[PDB]
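Worth knowing before you read on, the calculation uses all heavy atoms, side chains too, and leaves out hydrogens, waters and symmetry mates. We name chains A, B, ... by the order of the sequence lines, and we start the count at 1 in each one.
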Protein chains: 4
Amino acid sequence: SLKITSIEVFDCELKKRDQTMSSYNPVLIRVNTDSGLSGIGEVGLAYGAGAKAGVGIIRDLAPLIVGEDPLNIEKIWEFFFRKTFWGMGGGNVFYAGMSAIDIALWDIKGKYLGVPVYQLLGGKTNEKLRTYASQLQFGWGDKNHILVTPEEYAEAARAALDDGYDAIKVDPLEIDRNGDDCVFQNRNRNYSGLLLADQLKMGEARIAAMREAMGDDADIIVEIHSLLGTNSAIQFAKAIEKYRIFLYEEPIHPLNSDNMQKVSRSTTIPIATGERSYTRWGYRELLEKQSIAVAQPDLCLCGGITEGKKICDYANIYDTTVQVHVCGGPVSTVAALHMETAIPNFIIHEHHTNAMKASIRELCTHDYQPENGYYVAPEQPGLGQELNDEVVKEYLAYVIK
Amino acid sequence: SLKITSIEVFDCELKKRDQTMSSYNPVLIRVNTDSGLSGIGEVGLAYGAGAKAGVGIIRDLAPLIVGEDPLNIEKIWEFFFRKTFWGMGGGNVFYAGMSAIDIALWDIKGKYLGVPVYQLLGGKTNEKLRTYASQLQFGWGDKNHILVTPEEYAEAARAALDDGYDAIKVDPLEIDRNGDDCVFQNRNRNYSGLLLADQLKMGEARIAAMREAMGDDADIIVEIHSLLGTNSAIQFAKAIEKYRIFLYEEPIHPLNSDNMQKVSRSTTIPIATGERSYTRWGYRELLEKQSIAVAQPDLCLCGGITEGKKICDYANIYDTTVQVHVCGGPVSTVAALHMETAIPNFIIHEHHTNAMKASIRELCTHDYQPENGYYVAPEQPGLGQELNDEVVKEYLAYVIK
Amino acid sequence: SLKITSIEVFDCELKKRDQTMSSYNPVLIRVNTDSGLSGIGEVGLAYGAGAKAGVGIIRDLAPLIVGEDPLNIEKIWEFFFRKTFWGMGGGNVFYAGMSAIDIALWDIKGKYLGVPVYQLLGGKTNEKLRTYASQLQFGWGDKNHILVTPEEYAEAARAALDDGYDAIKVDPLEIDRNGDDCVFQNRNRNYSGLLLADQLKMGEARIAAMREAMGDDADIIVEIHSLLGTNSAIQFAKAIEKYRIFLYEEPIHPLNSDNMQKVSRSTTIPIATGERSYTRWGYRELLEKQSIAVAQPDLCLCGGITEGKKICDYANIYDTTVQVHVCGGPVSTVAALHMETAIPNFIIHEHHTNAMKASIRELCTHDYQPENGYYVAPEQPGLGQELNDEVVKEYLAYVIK
Amino acid sequence: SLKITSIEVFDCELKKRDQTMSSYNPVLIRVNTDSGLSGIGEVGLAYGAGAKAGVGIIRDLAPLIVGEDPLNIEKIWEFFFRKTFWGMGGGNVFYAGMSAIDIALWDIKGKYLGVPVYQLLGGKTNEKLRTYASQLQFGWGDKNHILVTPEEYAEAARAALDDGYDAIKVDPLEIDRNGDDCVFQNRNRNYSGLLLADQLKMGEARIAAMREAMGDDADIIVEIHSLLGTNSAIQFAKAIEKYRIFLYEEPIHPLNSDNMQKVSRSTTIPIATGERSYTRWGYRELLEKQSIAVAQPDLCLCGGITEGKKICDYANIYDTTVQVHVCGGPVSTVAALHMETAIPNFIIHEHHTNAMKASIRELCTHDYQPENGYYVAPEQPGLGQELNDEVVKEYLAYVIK
Ligand SMILES: [Mg+2]
Ligand SMILES: [Mg+2]
Ligand SMILES: [Mg+2]
Ligand SMILES: [Mg+2]
């Protein structure tokens with residue numbers, strides 16, 4: 001049999017190699033065994049305020065499974081859920097720690113059994129995966145900058161379509177009229193109540209310009225990053241329904257599920273959420289209340305592959321399809337690709353604007369990128385990724401033995 | 001006006017000074033200002049899997065408020081909620097980081113204004129605070145060890161009453177037949193479904209013996225630590241109803257609020273929970289579904305004094321009274337005392353079996369202990385504690401400047 | 001320590017100095033202590049039928065706290081709630097009496113601690129406060145008269161915008177086709193059922209003329225003063241949705257919360273209410289039923305600053321923002337300014353058309369007015385207002401000793 | 001036709017004529033007409049904090065109907081509801097002012113038409129009215145003082161039965177161990193959460209002793225005066241169910257109707273409330289949620305005879321029967337008797353322990369007292385009372401002409 005021998009934690013402070021990417025700190029792990037099979041995982045706190053907590057949570061959780069059999073993945077998941085105290089009252093950090101370990105264990109099991117992770121998740125259901133260009137308020141391809149003017153948003157939409165995408169996502173309210181970023185800066189605090197005329201006009205004009213540039217057929221997902229409250233989310237939705245919006249993502253935060261239901265009932269645009277929703281239990285009220293068209297769990301936050309699969313299976317009975325949230329290192333991308341290949345209720349894959357950055361790509365050994373708007377799964381045993389040790393040795397923070 | 005100059009984070013690995021306390025690791029902070037006024041706070045992850053994540057979250061949050069005016073407490077809270085990404089989909093670790101900072105800010109403001117924190121929370125509403133002896137499964141007073149036999153539990157109860165308490169709390173199922181601890185060990189996995197006869201008998205016998213030793217008048221709170229599921233929680237409740245139980249704490253975890261409601265409707269014992277429920281949003285479904293008689297936020301987890309007050313005020317409209325959850329360092333205790341002194345809907349104060357332990361006491365410079373089953377408020381400016389520098393220098397982990 | 005020594009009640013029958021303002025009777029109080037620190041408050045019954053009851057309620061409540069420590073503000077509030085009989089079945093008059101006393105106690109506590117009241121409410125969250133010109137059916141600035149013709153309403157909108165406002169409020173149905181006032185006269189009794197064509201046309205034409213005059217960007221709040229019933233409120237709302245209405249205030253009275261929900265579900269205009277809703281308990285059904293976008297408690301009716309803060313905190317979890325209702329003397333204005341400065345869910349401040357009247361301004365020592373559409377908080381200890389004794393000595397009605 | 005010429009308001013400070021009755025201050029009015037017909041009414045704020053507000057509200061409302069035709073009772077009621085501002089967000093004081101006027105108008109109309117008021121309410125439905133001896137915690141008959149010991153309560157019960165009653169009401173928790181009164185004093189603040197063992201025992205012992213002294217057949221109503229909260233109300237109910245309790249009155253206050261429902265569902269004792277519930281709107285949630293077996297509007301608070309009748313008629317469709325709340329002057333009694341004589345859903349009449357007191361009796365010119373546990377209706381035109389001018393001249397406070 002196998003025993004876990006050590007877990008390495010990498011604090012990937014990208015600013016050390018790429019000062020461009022200073023808002024960014026992937027947290028990667030490697031779980032090693034006495035057989036010599038290792039697996040890699042990722043804690044999904046690469047952006048916002050969380051990376052150092054993410055490193056910490058691996059230090060908290062890793063000691064509990066040193067010496068244990070990695071193949072009992074359900075048992076290990078349940079132990080973390082039940083026997084840690086915080087497993088039964090956890091959130092983004094705790095479940096991110098479980099997720100990272102869980103991903104690595106799936107990687108190990110695939111290598112042990114000689115097959116890609118999608119085989120272990122039910123086989124090749126989807127041979128290729130429709131993909132969108134994500135977060136175009138930061139540009140696409142050539143012109144990468146913070147976009148303010150409607151013409152700039154139109155240009156980014158054209159760039160993405162020229163790159164062979166037939167779907168894009170944009171947050172048209174994140175960037176204020178001065179070019180400040182409302183996700184991370186105290187700007188437009190009124191967003192949580194009702195929009196001002198200028199703000200409604202700013203957001204609608206960006207979407208209008210993008211729809212004009214793209215034509216009618218390509219799809220537009222409107223990302224809101226939980227910036228709006230129930231009333232402004234509905235207000236803005238009604239202003240943009242005329243542009244044929246595919247999905248309306250995180251119109252408000254997920255903490256009040258009844259408010260999510262009210263948003264969904266009050267616009268014709270289908271609602272997506274999930275990146276800030278963790279475990280089956282974090283989807284129960286969203287699904288039961290018929291509030292969402294699309295679930296977007298992050299496999300590096302929601303409980304990993306074991307739990308992600310369960311969220312997908314559950315979503316299916318409410319006609320809710322799945323786009324895994326992906327915004328971190330290469331490990332998140334491969335976990336998503338295996339999940340999406342296997343699940344019958346896949347809808348679309350998210351290709352983040354920064355997924356081609358050198359400092360992200362160099363963390364791992366393989367590069368999986370879309371071609372002409374489509375992704376395919378890795379075919380090697382396990383996830384099909386390893387860490388690039390030449391780079392990650394500089395990011396090694398802790399070894400749990 | 002004032003400016004935050006640095007935040008110190010203390011990783012209190014108590015095992016370094018007391019090998020008996022290796023299950024515990026308080027996480028303390030100190031927020032310093034350019035006036036020389038400092039405030040102290042606590043991240044409520046002293047037990048279970050979480051301490052190192054708690055250290056990390058302070059590394060993540062502290063840099064965002066270095067240089068800012070500490071007096072703008074509501075603004076700082078809201079910024080953490082809104083502009084960090086994870087504040088709108090947090091959990092135990094994120095909200096614990098917010099809590100510690102918030103508590104340190106109230107300490108600063110009390111010191112600045114020259115009054116105890118209870119004055120800033122509305123004044124001296126409750127002159128003294130009824131207190132219970134908490135967690136008697138580990139003994140009380142003279143005989144402190146893991147208790148197994150009904151007679152041992154009866155002895156603990158007598159010891160508590162002799163110490164001047166007229167209320168105790170006990171988890172009569174945590175310890176199995178062999179003395180193993182179900183909270184942190186993989187024992188009695190069947191607890192989440194239905195109890196076996198031996199287990200029902202084991203728990204009831206402990207309660208029965210305790211009630212016999214105490215007499216009818218002293219109160220028994222039954223703690224379940226979310227060890228049971230809906231069905232076993234009800235099964236066990238109905239077996240112990242005959243002993244006149246004051247509160248039933250965490251019969252199940254709080255992740256499914258409808259199941260909490262079902263428990264509440266299926267026993268005559270009033271339900272308490274809340275140590276694993278964070279922010280006002282954490283209490284909305286519990287209160288609206290009329291599921292709980294007593295809310296138990298931990299001020300070092302639930303969002304601090306600012307948010308804890310709001311939880312208390314909200315609970316009041318549903319006739320839900322409050323016992324702050326306290327299991328950590330001396331900072332958690334004083335935050336609790338100030339809150340409980342101010343709120344009209346205080347019910348009882350939790351005095352944990354280890355809150356008198358040297359290795360916990362020695363973190364801070366003052367003593368606050370109950371007398372004749374009652375607590376009173378600190379009366380000095382601010383929280384009424386400082387760090388004991390001679391001790392905590394050995395625990396200093398990071399300074400954010 | 002401090003003890004309350006006396007409470008003065010001022011029956012401000014403005015007609016004694018200003019026959020123009022004969023519909024108006026502010027009720028002010030002053031609470032004095034043995035330290036020489038005094039605080040002022042206001043009973044929010046300056047208009048409609050209530051002022052003499054308001055004077056009476058201070059006579060009823062004041063004796064109960066002579067000799068008591070004013071710093072225990074929560075204790076005093078709770079005593080009035082619990083131990084007066086009518087505190088637990090009260091309404092506008094009883095809660096107005098509690099509010100006035102509560103405001104004065106906050107004033108005292110701010111002076112005692114040397115800081116403005118907003119500091120005690122959580123600090124400076126909002127540095128400036130967007131303000132609307134309120135009740136333009138009575139004119140703005142130059143032409144103050146009862147407005148009937150659509151051109152007159154357009155003129156008042158222009159006057160307000162010229163005064164530097166970017167938002168206005170108007171009740172376009174209060175004034176009937178003969179210039180009578182439906183709020184206080186038995187006219188258009190059919191309003192509670194369904195509107196007649198002429199009435200629908202009258203109201204819509206006024207709003208249309210105002211939107212035309214203002215342009216598209218400035219905001220229009222439509223005040224209904226509970227004149228309409230569920231069916232006519234919806235009927236009228238649907239007629240005016242085309243003009244981009246910001247808020248629809250008091251479309252019906254608050255006594256049937258399910259009817260409020262039905263109104264909210266049946267129009268795209270966000271609903272505001274609250275001036276006739278008192279205490280947390282008066283908002284529970286409004287919020288739970290997701291009926292309101294904006295809460296408008298009057299701090300001189302709803303339970304004061306202590307309770308107002310609690311209403312704001314509660315509203316926030318439903319994405320409900322707050323505009324304090326202000327239509328009385330200068331004390332109401334300052335209480336609102338301190339509240340709005342501190343709360344994270346402020347949306348807009350109400351500047352009533354009569355807030356510049358000489359006979360109102362002369363009641364107090366300071367004048368706080370908006371500049372270019374914005375208010376700021378007072379900065380002196382306490383509320384930042386005192387009574388102007390030269391004037392108010394003529395209004396002194398009772399001293400409770 | 002007739003015209004109202006003046007309204008006299010009497011501030012009945014009974015302490016001026018009887019120092020034993022200093023807790024009580026009836027507020028009476030007389031409405032005079034140009035025909036010489038007068039009517040009398042009562043503002044139901046004779047106890048608790050409210051009398052002077054009640055005098056004031058008559059000053060506020062009276063001027064609005066001087067000169068009007070008193071026969072248009074529905075019109076006058078509706079005008080107060082609709083055209084005063086506060087009538088659509090009132091409460092105890094506002095609706096009490098409406099009530100007093102309304103009762104005086106029915107007195108006038110009965111006199112004008114030459115028939116007792118019950119005839120105008122539908123006729124003599126109930127020839128006699130079962131009556132209970134109310135509030136035995138203050139003694140009955142020979143021994144009138146604050147009662148403490150179970151034997152004292154048993155003695156009160158025997159005294160009532162000897163007086164010909166076959167039903168009593170008692171609040172067994174209002175008086176503490178030391179004889180202090182929890183209704184108006186800050187004692188037993190914990191009552192709003194959960195009862196302590198001593199308090200549960202104290203209340204149960206009083207009920208037990210009473211049931212023993214009475215025998216099984218006579219009825220016991222348990223009054224709680226809204227002293228308990230949801231959880232303690234249920235706790236105490238379940239302790240006294242064994243004594244066969246007829247009604248449980250005001251187990252909690254009426255501000256949260258969902259909690260009232262929860263109480264109703266959690267005990268086998270039928271719930272009564274309504275003295276602190278006003279207008280039909282005050283009863284809607286109570287009746288629809290099937291929370292109450294018996295409604296207890298006070299006609300001097302709930303909106304008078306006009307509105308009281310409507311409450312009775314509405315309660316009927318939910319099988320809710322009516323006991324009018326009566327604790328005030330002789331006017332409240334006769335209004336009750338006429339209402340109860342007419343309504344098909346009468347259940348029992350409340351005879352308060354002080355309704356026979358000289359200082360209350362002497363306010364009016366006639367005697368109406370129960371006999372052998374039964375009341376009958378007055379038979380003279382109108383209400384069947386006049387003011388005793390020789391007494392009330394000393395209480396005259398205002399005349400509105
Ligand atoms: Mg997103
Ligand atoms: Mg616990
Ligand atoms: Mg209004
Ligand atoms: Mg009663």
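Only the side chain of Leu61(D) comes within less than 4.5 Å of a heavy atom in chain C; its backbone stays farther off. Looking at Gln185(C), only its backbone comes within 4.5 Å of chain D, counting heavy atoms on both sides. Interface residue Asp258(D): backbone and side-chain heavy atoms are both found under 4.5 Å from chain C. Only the side chain of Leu301(C) comes within contact range of chain D, judged by heavy atoms closer than 4.5 Å. Only the side chain of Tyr278(C) comes within less than 4.5 Å of a heavy atom of chain D; its backbone N, CA, C and O stay farther away. Neither the backbone nor the side chain of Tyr191(C) comes within contact range of chain D; no heavy atoms are under 4.5 Å apart. Neither the backbone nor the side chain of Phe80(D) has a heavy atom closer than 4.5 Å to any heavy atom of chain C. With a threshold of 4.5 angstrom between heavy atoms, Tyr398(D) approaches chain C through side-chain atoms but not through N, CA, C or O. Looking at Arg189(D), the atoms closer than 4.5 Å to chain C (heavy atoms on both sides) all sit in the side chain, from C-beta outward. Heavy-atom distances place both the backbone and the side chain of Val183(C) under 4.5 Å from chain D. Only the backbone of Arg187(D) has a heavy atom closer than 4.5 Å to any heavy atom of chain C.
Taking each heavy atom of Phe184(C) and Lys83(D) in turn, the nearest pair found is CD2-O, 3.4 Å. Residues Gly89(C) and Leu255(D) share a closest heavy-atom pair of CA-CD2, 4.3 Å. For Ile57(C) against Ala49(D), the heavy-atom pair with the smallest separation is CD1-O, 4.3 Å.
The pair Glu285(D)-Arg284(C) does not meet the salt-bridge criterion, since no charged nitrogen lies less than 4.0 angstrom from a carboxylate oxygen.
Side chain of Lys52(D) to main chain of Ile58(C): no donor-acceptor pair is present (N/O by atom type, distance under 3.5 Å, no hydrogens or angles). Looking only at distances, a side-chain donor or acceptor of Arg276(C) sits under 3.5 Å from a matching main-chain atom of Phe85(D). In this structure, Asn92(C) contributes its side chain and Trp86(D) its backbone to no donor-acceptor pair below 3.5 Å.
When each of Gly90(D), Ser277(D), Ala51(D) is scored by its heavy-atom pairs under 4.5 Å with chain C, the top score falls to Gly90(D). No other option in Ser192(C), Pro254(C), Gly97(C) has as many heavy-atom pairs under 4.5 Å with chain D as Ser192(C). Taking chain C as the reference chain and counting heavy-atom pairs below 4.5 Å, the highest number among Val93(D), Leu64(D), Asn256(D), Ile252(D) is found for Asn256(D). Each of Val55(D), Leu227(D), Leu45(D), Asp181(D) has some count of heavy-atom pairs under 4.5 Å with chain C, and the biggest count is that of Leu45(D). Each of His225(D), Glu275(D), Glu78(D) has some count of heavy-atom pairs under 4.5 Å with chain C, and the biggest count is that of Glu275(D).
Around the NZ atom of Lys401(D), the shell of radius 6.0 Å holds no more than 12 heavy atoms that belong to other residues, nucleotides or ligands.
Ring centers of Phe81(D) and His253(C): under 6.0 Å apart, within the cut-off.
Taking CG from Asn186(D) and NZ from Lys75(C), the interatomic distance works out to 6.0 Å, rounded to the nearest 0.5 Å.
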